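Student: Pasting data.pdb here (PDB, C-alpha atoms):
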```pdb
ATOM      1  CA  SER Q   1      60.732 -44.291  10.281
ATOM      2  CA  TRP Q   2      57.526 -42.346   9.771
ATOM      3  CA  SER Q   3      56.575 -39.937  12.531
ATOM      4  CA  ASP Q   4      53.444 -40.278  14.642
ATOM      5  CA  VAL Q   5      50.310 -40.001  12.516
ATOM      6  CA  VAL Q   6      48.626 -36.640  13.093
ATOM      7  CA  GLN Q   7      45.633 -34.836  11.583
ATOM      8  CA  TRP Q   8      46.530 -32.523   8.697
ATOM      9  CA  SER Q   9      43.224 -31.291   7.238
ATOM     10  CA  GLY Q  10      40.137 -29.651   8.675
ATOM     11  CA  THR Q  11      37.676 -31.363  10.990
ATOM     12  CA  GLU Q  12      33.907 -31.441  10.622
ATOM     13  CA  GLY Q  13      32.066 -29.891  13.535
ATOM     14  CA  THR Q  14      29.593 -31.679  15.764
ATOM     15  CA  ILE Q  15      25.822 -31.272  15.910
ATOM     16  CA  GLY Q  16      24.724 -28.291  17.966
ATOM     17  CA  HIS Q  17      21.315 -27.264  19.261
ATOM     18  CA  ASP Q  18      18.701 -24.808  18.022
ATOM     19  CA  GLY Q  19      15.528 -23.087  19.157
ATOM     20  CA  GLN Q  20      13.271 -25.073  21.445
ATOM     21  CA  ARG Q  21       9.946 -26.686  20.579
ATOM     22  CA  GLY Q  22       6.794 -24.640  21.073
ATOM     23  CA  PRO Q  23       3.803 -25.887  23.053
ATOM     24  CA  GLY Q  24       0.128 -25.102  22.616
ATOM     25  CA  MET Q  25      -3.191 -24.817  24.423
ATOM     26  CA  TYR Q  26      -3.804 -28.559  24.143
ATOM     27  CA  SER Q  27      -6.778 -30.545  25.413
ATOM     28  CA  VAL Q  28      -6.437 -34.281  26.021
ATOM     29  CA  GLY Q  29      -8.631 -36.777  27.857
ATOM     30  CA  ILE Q  30      -7.778 -39.772  30.046
ATOM     31  CA  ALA Q  31     -10.211 -42.595  30.786
ATOM     32  CA  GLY Q  32     -11.115 -42.940  34.449
ATOM     33  CA  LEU Q  33      -9.757 -39.544  35.483
ATOM     34  CA  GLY Q  34     -10.355 -38.484  39.078
ATOM     35  CA  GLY Q  35      -7.682 -35.806  39.233
ATOM     36  CA  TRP Q  36      -4.674 -34.303  37.524
ATOM     37  CA  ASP Q  37      -2.211 -37.010  36.467
ATOM     38  CA  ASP Q  38       1.428 -35.938  36.257
ATOM     39  CA  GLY Q  39       2.492 -39.392  35.075
ATOM     40  CA  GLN Q  40      -0.100 -39.565  32.305
ATOM     41  CA  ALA Q  41       0.750 -36.016  31.214
ATOM     42  CA  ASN Q  42       4.460 -36.858  31.052
ATOM     43  CA  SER Q  43       3.713 -40.065  29.135
ATOM     44  CA  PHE Q  44       1.630 -38.074  26.639
ATOM     45  CA  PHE Q  45       4.512 -35.676  25.918
ATOM     46  CA  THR Q  46       7.115 -38.457  25.761
ATOM     47  CA  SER Q  47       4.982 -40.482  23.340
ATOM     48  CA  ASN Q  48       4.008 -37.655  20.976
ATOM     49  CA  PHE Q  49       6.468 -34.746  21.286
ATOM     50  CA  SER Q  50       9.588 -36.985  21.463
ATOM     51  CA  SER Q  51      10.942 -34.318  23.827
ATOM     52  CA  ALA Q  52      10.493 -33.004  27.348
ATOM     53  CA  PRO Q  53       7.859 -30.323  28.026
ATOM     54  CA  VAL Q  54       9.097 -26.740  27.761
ATOM     55  CA  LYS Q  55       8.512 -23.654  29.894
ATOM     56  CA  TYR Q  56       4.987 -22.207  30.047
ATOM     57  CA  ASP Q  57       3.446 -25.403  28.684
ATOM     58  CA  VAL Q  58      -0.327 -25.646  29.156
ATOM     59  CA  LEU Q  59      -2.117 -29.001  28.954
ATOM     60  CA  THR Q  60      -5.758 -29.739  29.788
ATOM     61  CA  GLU Q  61      -6.767 -33.110  31.246
ATOM     62  CA  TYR Q  62     -10.441 -34.062  31.478
ATOM     63  CA  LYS Q  63     -12.757 -37.050  31.682
ATOM     64  CA  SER Q  64     -14.722 -37.251  28.437
ATOM     65  CA  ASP Q  65     -17.810 -39.083  29.746
ATOM     66  CA  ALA Q  66     -18.339 -36.226  32.243
ATOM     67  CA  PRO Q  67     -16.891 -33.138  30.525
ATOM     68  CA  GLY Q  68     -17.240 -31.025  33.678
ATOM     69  CA  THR Q  69     -14.382 -32.893  35.385
ATOM     70  CA  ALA Q  70     -11.474 -31.046  33.761
ATOM     71  CA  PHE Q  71      -8.027 -30.095  35.062
ATOM     72  CA  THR Q  72      -5.543 -27.618  33.579
ATOM     73  CA  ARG Q  73      -1.952 -27.100  34.732
ATOM     74  CA  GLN Q  74       1.005 -25.061  33.493
ATOM     75  CA  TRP Q  75       4.509 -26.480  33.108
ATOM     76  CA  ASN Q  76       6.865 -23.798  34.441
ATOM     77  CA  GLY Q  77       9.985 -25.593  33.149
ATOM     78  CA  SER Q  78      10.399 -28.001  36.076
ATOM     79  CA  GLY Q  79       6.936 -29.378  36.915
ATOM     80  CA  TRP Q  80       3.187 -28.994  36.664
ATOM     81  CA  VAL Q  81       1.816 -26.095  38.723
ATOM     82  CA  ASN Q  82      -1.520 -24.312  38.877
ATOM     83  CA  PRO Q  83      -1.497 -21.471  36.316
ATOM     84  CA  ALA Q  84      -2.288 -17.941  37.451
ATOM     85  CA  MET Q  85      -4.904 -17.225  34.756
ATOM     86  CA  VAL Q  86      -5.876 -19.920  32.241
ATOM     87  CA  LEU Q  87      -9.428 -19.747  30.879
ATOM     88  CA  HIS Q  88     -10.623 -22.042  28.101
ATOM     89  CA  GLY Q  89     -13.837 -22.012  26.091
ATOM     90  CA  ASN Q  90     -14.753 -25.240  27.857
ATOM     91  CA  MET Q  91     -14.418 -23.672  31.339
ATOM     92  CA  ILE Q  92     -18.178 -24.141  31.877
ATOM     93  CA  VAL Q  93     -18.010 -27.027  34.362
ATOM     94  CA  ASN Q  94     -21.128 -27.075  36.533
ATOM     95  CA  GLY Q  95     -23.643 -26.351  33.757
ATOM     96  CA  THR Q  96     -24.141 -22.830  35.110
ATOM     97  CA  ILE Q  97     -24.291 -19.626  33.061
ATOM     98  CA  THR Q  98     -24.614 -16.425  35.106
TER      99      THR Q  98
ATOM    100  CA  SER Z   1      56.424 -24.532  -9.986
ATOM    101  CA  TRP Z   2      53.958 -24.394  -7.119
ATOM    102  CA  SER Z   3      52.561 -27.714  -5.955
ATOM    103  CA  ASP Z   4      48.894 -28.651  -6.171
ATOM    104  CA  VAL Z   5      46.752 -26.339  -4.054
ATOM    105  CA  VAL Z   6      45.571 -28.145  -0.921
ATOM    106  CA  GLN Z   7      43.614 -27.143   2.186
ATOM    107  CA  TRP Z   8      45.809 -26.065   5.103
ATOM    108  CA  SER Z   9      43.447 -24.754   7.800
ATOM    109  CA  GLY Z  10      40.385 -26.124   9.540
ATOM    110  CA  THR Z  11      37.036 -26.691   7.864
ATOM    111  CA  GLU Z  12      33.655 -25.542   9.128
ATOM    112  CA  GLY Z  13      31.235 -28.371   9.774
ATOM    113  CA  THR Z  14      27.890 -28.824   8.074
ATOM    114  CA  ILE Z  15      24.418 -28.350   9.530
ATOM    115  CA  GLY Z  16      23.219 -31.333  11.526
ATOM    116  CA  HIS Z  17      19.802 -32.209  12.907
ATOM    117  CA  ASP Z  18      18.216 -31.841  16.335
ATOM    118  CA  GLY Z  19      15.189 -32.981  18.299
ATOM    119  CA  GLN Z  20      11.991 -33.430  16.339
ATOM    120  CA  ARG Z  21       8.926 -31.191  16.373
ATOM    121  CA  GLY Z  22       6.190 -31.959  18.880
ATOM    122  CA  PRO Z  23       2.541 -32.363  17.907
ATOM    123  CA  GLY Z  24      -0.582 -31.608  19.904
ATOM    124  CA  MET Z  25      -4.215 -32.563  20.407
ATOM    125  CA  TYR Z  26      -5.328 -30.327  17.540
ATOM    126  CA  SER Z  27      -8.847 -29.770  16.237
ATOM    127  CA  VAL Z  28      -9.374 -28.486  12.699
ATOM    128  CA  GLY Z  29     -12.449 -28.316  10.478
ATOM    129  CA  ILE Z  30     -12.905 -28.838   6.736
ATOM    130  CA  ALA Z  31     -15.888 -27.532   4.780
ATOM    131  CA  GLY Z  32     -18.015 -30.244   3.205
ATOM    132  CA  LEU Z  33     -16.525 -33.097   5.226
ATOM    133  CA  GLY Z  34     -18.105 -36.519   4.778
ATOM    134  CA  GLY Z  35     -15.224 -38.555   6.154
ATOM    135  CA  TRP Z  36     -11.608 -38.510   7.224
ATOM    136  CA  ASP Z  37      -9.433 -36.793   4.610
ATOM    137  CA  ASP Z  38      -5.809 -37.925   4.478
ATOM    138  CA  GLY Z  39      -5.016 -35.433   1.718
ATOM    139  CA  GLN Z  40      -6.516 -32.469   3.559
ATOM    140  CA  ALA Z  41      -4.757 -33.507   6.774
ATOM    141  CA  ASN Z  42      -1.409 -33.738   4.973
ATOM    142  CA  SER Z  43      -2.005 -30.367   3.300
ATOM    143  CA  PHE Z  44      -2.756 -28.823   6.704
ATOM    144  CA  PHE Z  45       0.565 -30.028   8.151
ATOM    145  CA  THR Z  46       2.554 -29.060   5.047
ATOM    146  CA  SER Z  47       1.046 -25.562   5.023
ATOM    147  CA  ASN Z  48       1.420 -24.782   8.736
ATOM    148  CA  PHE Z  49       4.092 -27.019  10.309
ATOM    149  CA  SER Z  50       6.540 -26.710   7.361
ATOM    150  CA  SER Z  51       7.456 -30.316   8.196
ATOM    151  CA  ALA Z  52       6.081 -33.835   7.949
ATOM    152  CA  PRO Z  53       3.872 -35.184  10.756
ATOM    153  CA  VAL Z  54       5.718 -37.015  13.527
ATOM    154  CA  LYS Z  55       4.987 -40.224  15.420
ATOM    155  CA  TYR Z  56       1.917 -40.326  17.680
ATOM    156  CA  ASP Z  57       0.403 -37.258  16.028
ATOM    157  CA  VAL Z  58      -3.292 -36.731  16.793
ATOM    158  CA  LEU Z  59      -5.455 -34.505  14.587
ATOM    159  CA  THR Z  60      -9.235 -34.063  14.738
ATOM    160  CA  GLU Z  61     -11.234 -33.390  11.567
ATOM    161  CA  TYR Z  62     -14.877 -32.328  11.802
ATOM    162  CA  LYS Z  63     -17.602 -30.515   9.899
ATOM    163  CA  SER Z  64     -18.367 -27.272  11.724
ATOM    164  CA  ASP Z  65     -21.980 -26.799  10.570
ATOM    165  CA  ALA Z  66     -22.820 -30.212  12.095
ATOM    166  CA  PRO Z  67     -20.376 -30.620  15.000
ATOM    167  CA  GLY Z  68     -21.396 -34.249  15.559
ATOM    168  CA  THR Z  69     -19.641 -35.356  12.354
ATOM    169  CA  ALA Z  70     -16.087 -35.533  13.711
ATOM    170  CA  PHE Z  71     -13.169 -37.833  12.892
ATOM    171  CA  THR Z  72      -9.947 -38.352  14.855
ATOM    172  CA  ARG Z  73      -6.919 -40.343  13.685
ATOM    173  CA  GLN Z  74      -3.415 -40.949  15.026
ATOM    174  CA  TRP Z  75      -0.283 -40.661  12.895
ATOM    175  CA  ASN Z  76       1.910 -43.621  13.870
ATOM    176  CA  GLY Z  77       4.927 -42.301  11.926
ATOM    177  CA  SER Z  78       3.917 -43.644   8.504
ATOM    178  CA  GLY Z  79       0.192 -42.925   8.054
ATOM    179  CA  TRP Z  80      -3.131 -42.110   9.653
ATOM    180  CA  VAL Z  81      -4.597 -44.997  11.663
ATOM    181  CA  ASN Z  82      -7.435 -45.308  14.151
ATOM    182  CA  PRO Z  83      -6.068 -44.582  17.648
ATOM    183  CA  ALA Z  84      -6.580 -47.131  20.408
ATOM    184  CA  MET Z  85      -7.976 -44.669  22.979
ATOM    185  CA  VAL Z  86      -8.491 -41.005  22.066
ATOM    186  CA  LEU Z  87     -11.295 -39.193  23.900
ATOM    187  CA  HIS Z  88     -11.860 -35.460  23.508
ATOM    188  CA  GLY Z  89     -14.158 -33.104  25.390
ATOM    189  CA  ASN Z  90     -16.150 -32.779  22.181
ATOM    190  CA  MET Z  91     -16.742 -36.559  21.922
ATOM    191  CA  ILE Z  92     -20.486 -35.977  22.465
ATOM    192  CA  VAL Z  93     -21.657 -36.658  18.901
ATOM    193  CA  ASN Z  94     -25.282 -37.795  18.905
ATOM    194  CA  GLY Z  95     -26.557 -35.291  21.486
ATOM    195  CA  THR Z  96     -26.871 -38.082  24.054
ATOM    196  CA  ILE Z  97     -25.775 -37.930  27.696
ATOM    197  CA  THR Z  98     -26.215 -41.178  29.642
TER     198      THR Z  98
ATOM    199  CA  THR B   1      40.447 -22.318  22.088
ATOM    200  CA  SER B   2      41.924 -19.159  20.529
ATOM    201  CA  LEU B   3      45.124 -18.030  18.838
ATOM    202  CA  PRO B   4      48.033 -18.158  21.311
ATOM    203  CA  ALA B   5      50.519 -15.324  21.549
ATOM    204  CA  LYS B   6      53.839 -15.666  19.759
ATOM    205  CA  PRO B   7      56.342 -17.469  22.029
ATOM    206  CA  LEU B   8      59.281 -15.395  23.226
ATOM    207  CA  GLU B   9      61.452 -18.116  24.770
ATOM    208  CA  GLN B  10      64.115 -19.711  22.577
ATOM    209  CA  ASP B  11      63.614 -23.113  24.225
ATOM    210  CA  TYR B  12      62.538 -26.030  22.015
ATOM    211  CA  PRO B  13      59.756 -26.568  22.891
ATOM    212  CA  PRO B  14      58.855 -23.212  24.480
ATOM    213  CA  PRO B  15      56.863 -23.311  27.732
ATOM    214  CA  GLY B  16      53.254 -24.279  27.108
ATOM    215  CA  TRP B  17      54.197 -25.916  23.790
ATOM    216  CA  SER B  18      54.888 -29.492  22.715
ATOM    217  CA  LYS B  19      57.234 -30.864  20.061
ATOM    218  CA  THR B  20      54.614 -33.305  18.736
ATOM    219  CA  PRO B  21      50.971 -32.359  18.069
ATOM    220  CA  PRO B  22      49.081 -33.328  21.230
ATOM    221  CA  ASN B  23      45.942 -35.414  20.898
ATOM    222  CA  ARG B  24      42.868 -33.204  20.505
ATOM    223  CA  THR B  25      40.685 -34.732  23.227
ATOM    224  CA  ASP B  26      38.523 -31.577  23.390
ATOM    225  CA  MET B  27      37.282 -30.821  19.871
ATOM    226  CA  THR B  28      36.590 -27.130  20.622
ATOM    227  CA  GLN B  29      40.326 -26.479  21.116
ATOM    228  CA  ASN B  30      42.696 -26.316  18.148
ATOM    229  CA  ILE B  31      46.319 -27.303  17.585
ATOM    230  CA  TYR B  32      48.354 -24.165  16.882
ATOM    231  CA  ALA B  33      51.827 -24.478  15.383
ATOM    232  CA  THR B  34      54.672 -21.987  15.085
ATOM    233  CA  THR B  35      58.062 -22.563  13.482
ATOM    234  CA  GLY B  36      61.606 -21.304  13.942
ATOM    235  CA  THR B  37      65.219 -22.024  13.061
ATOM    236  CA  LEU B  38      66.521 -24.664  15.475
ATOM    237  CA  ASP B  39      70.190 -24.997  16.411
ATOM    238  CA  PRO B  40      70.957 -28.704  16.996
ATOM    239  CA  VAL B  41      74.149 -27.935  18.947
ATOM    240  CA  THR B  42      72.263 -25.875  21.542
ATOM    241  CA  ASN B  43      68.901 -27.650  20.994
ATOM    242  CA  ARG B  44      67.344 -24.169  20.891
ATOM    243  CA  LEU B  45      66.303 -21.514  18.405
ATOM    244  CA  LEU B  46      69.049 -20.066  16.219
ATOM    245  CA  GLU B  47      70.558 -16.816  17.477
ATOM    246  CA  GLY B  48      68.955 -13.841  15.760
ATOM    247  CA  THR B  49      65.827 -15.836  14.855
ATOM    248  CA  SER B  50      62.609 -16.476  16.765
ATOM    249  CA  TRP B  51      59.385 -18.428  16.427
ATOM    250  CA  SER B  52      57.133 -17.451  13.545
ATOM    251  CA  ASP B  53      53.649 -16.022  13.982
ATOM    252  CA  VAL B  54      51.348 -18.501  15.709
ATOM    253  CA  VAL B  55      48.895 -19.977  13.206
ATOM    254  CA  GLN B  56      46.209 -22.672  13.341
ATOM    255  CA  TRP B  57      47.447 -26.126  12.328
ATOM    256  CA  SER B  58      44.576 -28.545  13.026
ATOM    257  CA  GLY B  59      40.922 -28.671  12.073
ATOM    258  CA  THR B  60      38.286 -26.269  13.349
ATOM    259  CA  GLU B  61      34.925 -27.187  14.837
ATOM    260  CA  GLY B  62      31.984 -25.801  12.912
ATOM    261  CA  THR B  63      29.379 -23.437  14.293
ATOM    262  CA  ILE B  64      25.755 -24.159  15.154
ATOM    263  CA  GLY B  65      23.465 -24.091  12.143
ATOM    264  CA  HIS B  66      19.686 -24.086  11.873
ATOM    265  CA  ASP B  67      17.128 -26.812  11.217
ATOM    266  CA  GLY B  68      13.470 -27.249  10.352
ATOM    267  CA  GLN B  69      11.090 -24.700  11.802
ATOM    268  CA  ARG B  70       8.622 -25.196  14.643
ATOM    269  CA  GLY B  71       5.114 -26.337  13.772
ATOM    270  CA  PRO B  72       1.992 -24.543  14.980
ATOM    271  CA  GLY B  73      -1.443 -25.934  15.740
ATOM    272  CA  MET B  74      -5.140 -25.108  15.845
ATOM    273  CA  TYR B  75      -4.827 -23.580  19.313
ATOM    274  CA  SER B  76      -7.555 -22.017  21.437
ATOM    275  CA  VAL B  77      -6.635 -19.576  24.202
ATOM    276  CA  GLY B  78      -8.708 -17.143  26.250
ATOM    277  CA  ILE B  79      -7.964 -13.643  27.545
ATOM    278  CA  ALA B  80      -9.847 -12.019  30.417
ATOM    279  CA  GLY B  81     -11.751  -8.890  29.448
ATOM    280  CA  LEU B  82     -11.537  -9.477  25.698
ATOM    281  CA  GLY B  83     -13.434  -7.056  23.475
ATOM    282  CA  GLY B  84     -11.575  -7.806  20.263
ATOM    283  CA  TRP B  85      -8.577  -9.495  18.720
ATOM    284  CA  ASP B  86      -5.391  -8.620  20.616
ATOM    285  CA  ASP B  87      -2.182  -8.713  18.584
ATOM    286  CA  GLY B  88      -0.096  -7.809  21.631
ATOM    287  CA  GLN B  89      -1.598 -10.517  23.829
ATOM    288  CA  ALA B  90      -1.225 -13.072  21.029
ATOM    289  CA  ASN B  91       2.441 -12.156  20.559
ATOM    290  CA  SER B  92       3.027 -12.308  24.321
ATOM    291  CA  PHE B  93       1.451 -15.779  24.413
ATOM    292  CA  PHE B  94       3.836 -17.097  21.740
ATOM    293  CA  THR B  95       6.887 -15.397  23.268
ATOM    294  CA  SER B  96       6.094 -16.804  26.718
ATOM    295  CA  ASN B  97       5.327 -20.391  25.680
ATOM    296  CA  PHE B  98       6.892 -21.162  22.277
TER     297      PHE B  98
END
```
Rewrite the coordinates I just gave you, this time as structure tokens.

Tutor:
Amino acid sequence: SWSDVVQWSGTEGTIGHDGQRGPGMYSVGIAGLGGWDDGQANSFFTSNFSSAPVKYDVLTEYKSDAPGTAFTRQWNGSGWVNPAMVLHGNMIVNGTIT
Amino acid sequence: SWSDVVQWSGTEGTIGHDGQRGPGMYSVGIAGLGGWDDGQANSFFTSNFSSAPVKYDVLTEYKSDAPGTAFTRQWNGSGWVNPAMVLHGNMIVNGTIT
Amino acid sequence: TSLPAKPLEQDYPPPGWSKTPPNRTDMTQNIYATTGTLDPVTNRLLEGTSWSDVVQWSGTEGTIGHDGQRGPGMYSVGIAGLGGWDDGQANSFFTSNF
């Protein structure tokens, strides 16, 4: 009888992976914000980016009704940590110019 | 004579597709803006991103000479629609703080 | 995963080899086949003849291609002690984050 059926021609390769997505100096607001929200930040990225945040990702969270209350954190690839030196144009919090 | 020429070795696969591009809370201005411009917004993405806008994409359009005139829309994957809750730090339009 | 060395043993099959093409559970690996003159009386290779040069016999997985490019945005970043546009700092920003 016929032998065991075996592949004879070439095989198409699978889908690989390419360069990672690039973040930006974003600025988003959350209603009723009293502090930095890791959950809201993660939800923002999951909803829009369709991918996890990447290394050195900077996102700014603030309460719009009182623009002084603003929080900025840097994603170092595993979580949100306080960045060493991040300075926005909206860094004027307590209405003071010296 | 020789038989019909047929492939004998493996075949390289084609190029697949990977995770989608991630948007951000962008803020762009258009000269002479009297309202939200779908065409200008699409031209902005086509020129810079080199790709179509993705789901939950937020872009802010404003007239720089009068910063109060600002418009923000969310791209829900098929068009620009009014977002449910988007609140920027520049949401102060009519010079009023209450 | 690579081209095996030519078998030296006259056994059918030689050590490390199988008479029938084994199932390719791992796609990255390839089925390599070599041929020789078999003696049915001894169930081994014919005296004075050996296995042919080892050649690929099954399909080959393709390499990783490239897809649509990353999309930028209307970003706004600050640098301490800035007296003018900094190409080096801008490039460092993109290399670190993007």

Student: Could you pull the residues within 9 Å of residue B:29, counting only C-alpha atoms, minus those fewer than 3 positions along the same chain, as number ranges by chain?

Tutor: B: 1-2, 24-26, 60-61

Student: Mind telling me what the ChimeraX specification (/B :<10) & /Q catches here, as a PDB file with C-alpha atoms, in the frame of the given file?

Tutor:
```
ATOM      1  CA  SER Q   3      56.575 -39.937  12.531  1.00  0.00           C
ATOM      2  CA  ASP Q   4      53.444 -40.278  14.642  1.00  0.00           C
ATOM      3  CA  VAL Q   5      50.310 -40.001  12.516  1.00  0.00           C
ATOM      4  CA  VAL Q   6      48.626 -36.640  13.093  1.00  0.00           C
ATOM      5  CA  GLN Q   7      45.633 -34.836  11.583  1.00  0.00           C
ATOM      6  CA  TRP Q   8      46.530 -32.523   8.697  1.00  0.00           C
ATOM      7  CA  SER Q   9      43.224 -31.291   7.238  1.00  0.00           C
ATOM      8  CA  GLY Q  10      40.137 -29.651   8.675  1.00  0.00           C
ATOM      9  CA  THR Q  11      37.676 -31.363  10.990  1.00  0.00           C
ATOM     10  CA  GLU Q  12      33.907 -31.441  10.622  1.00  0.00           C
ATOM     11  CA  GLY Q  13      32.066 -29.891  13.535  1.00  0.00           C
ATOM     12  CA  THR Q  14      29.593 -31.679  15.764  1.00  0.00           C
ATOM     13  CA  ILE Q  15      25.822 -31.272  15.910  1.00  0.00           C
ATOM     14  CA  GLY Q  16      24.724 -28.291  17.966  1.00  0.00           C
ATOM     15  CA  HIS Q  17      21.315 -27.264  19.261  1.00  0.00           C
ATOM     16  CA  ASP Q  18      18.701 -24.808  18.022  1.00  0.00           C
ATOM     17  CA  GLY Q  19      15.528 -23.087  19.157  1.00  0.00           C
ATOM     18  CA  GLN Q  20      13.271 -25.073  21.445  1.00  0.00           C
ATOM     19  CA  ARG Q  21       9.946 -26.686  20.579  1.00  0.00           C
ATOM     20  CA  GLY Q  22       6.794 -24.640  21.073  1.00  0.00           C
ATOM     21  CA  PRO Q  23       3.803 -25.887  23.053  1.00  0.00           C
ATOM     22  CA  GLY Q  24       0.128 -25.102  22.616  1.00  0.00           C
ATOM     23  CA  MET Q  25      -3.191 -24.817  24.423  1.00  0.00           C
ATOM     24  CA  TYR Q  26      -3.804 -28.559  24.143  1.00  0.00           C
ATOM     25  CA  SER Q  27      -6.778 -30.545  25.413  1.00  0.00           C
ATOM     26  CA  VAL Q  54       9.097 -26.740  27.761  1.00  0.00           C
ATOM     27  CA  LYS Q  55       8.512 -23.654  29.894  1.00  0.00           C
ATOM     28  CA  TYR Q  56       4.987 -22.207  30.047  1.00  0.00           C
ATOM     29  CA  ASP Q  57       3.446 -25.403  28.684  1.00  0.00           C
ATOM     30  CA  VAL Q  58      -0.327 -25.646  29.156  1.00  0.00           C
ATOM     31  CA  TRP Q  75       4.509 -26.480  33.108  1.00  0.00           C
ATOM     32  CA  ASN Q  76       6.865 -23.798  34.441  1.00  0.00           C
ATOM     33  CA  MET Q  85      -4.904 -17.225  34.756  1.00  0.00           C
ATOM     34  CA  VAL Q  86      -5.876 -19.920  32.241  1.00  0.00           C
ATOM     35  CA  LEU Q  87      -9.428 -19.747  30.879  1.00  0.00           C
ATOM     36  CA  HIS Q  88     -10.623 -22.042  28.101  1.00  0.00           C
ATOM     37  CA  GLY Q  89     -13.837 -22.012  26.091  1.00  0.00           C
TER      38      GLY Q  89
END
```

Student: Nearest to chain Z: which of Q:90, Q:1, Q:78, Q:43 is it, counting only C-alpha atoms?

Tutor: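 Checking each candidate against chain Z, we get Q:90 as the closest.
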
Student: Could you jot down the atom CA of residue B:85 to atom CA of residue Q:91 separation for me, Å, one decimal place?

Tutor: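 Result for atom CA of residue B:85 versus atom CA of residue Q:91: 19.9 Å, one decimal.
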
Student: If the PyMOL selection byres ((chain Z and resi 60) around 7) were run on this exact file, what residues would it hold? Put them as a ChimeraX atom specification.

Tutor: /Z:26-28,58-59,61-62,71-73

Student: What's the 10 Å shell around residue Q:34, counting all atoms listed in the file, without same-chain residues fewer than 3 positions away, as number ranges by chain?

Tutor: Q: 30-31, 37, 62-63, 69-71

Student: For residue B:40, please output as a list in words all residues within 12 Å (counting only C-alpha atoms; exclusion window: fewer than 5 positions along the same chain).

Tutor: residues 11, 12, 45, 46 and 47 of chain B

Student: Using atom CA of residue Q:40 and atom CA of residue Q:68 as the two end points, give the distance in Å to one decimal.

Tutor: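 Computed distance, atom CA of residue Q:40 to atom CA of residue Q:68, equals 19.2 Å.
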
Student: Enclose all atoms of stretch 45-56 of chain Z listed in the file in an axis-aligned box, grow every side by 8 Å, and hand back centre and edge lengths in Å to one decimal, as AutoDock Vina command-line options.

Tutor:
```
--center_x 4.0 --center_y -32.6 --center_z 11.4 --size_x 22.9 --size_y 31.5 --size_z 28.7
```

Student: Using all atoms listed in the file for the distances, tell me which of Z:93, Z:67, Z:79, Z:98 is nearest to residue Z:42.

Tutor: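 For residue Z:42, the nearest of the candidates is Z:79.
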
Student: Here is a test: counting all atoms listed in the file, which residue of Q:95, Q:84, Q:33, Q:64 is nearest to chain Z?

Tutor: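 Comparing Q:95, Q:84, Q:33, Q:64 against chain Z, the winner is Q:64.
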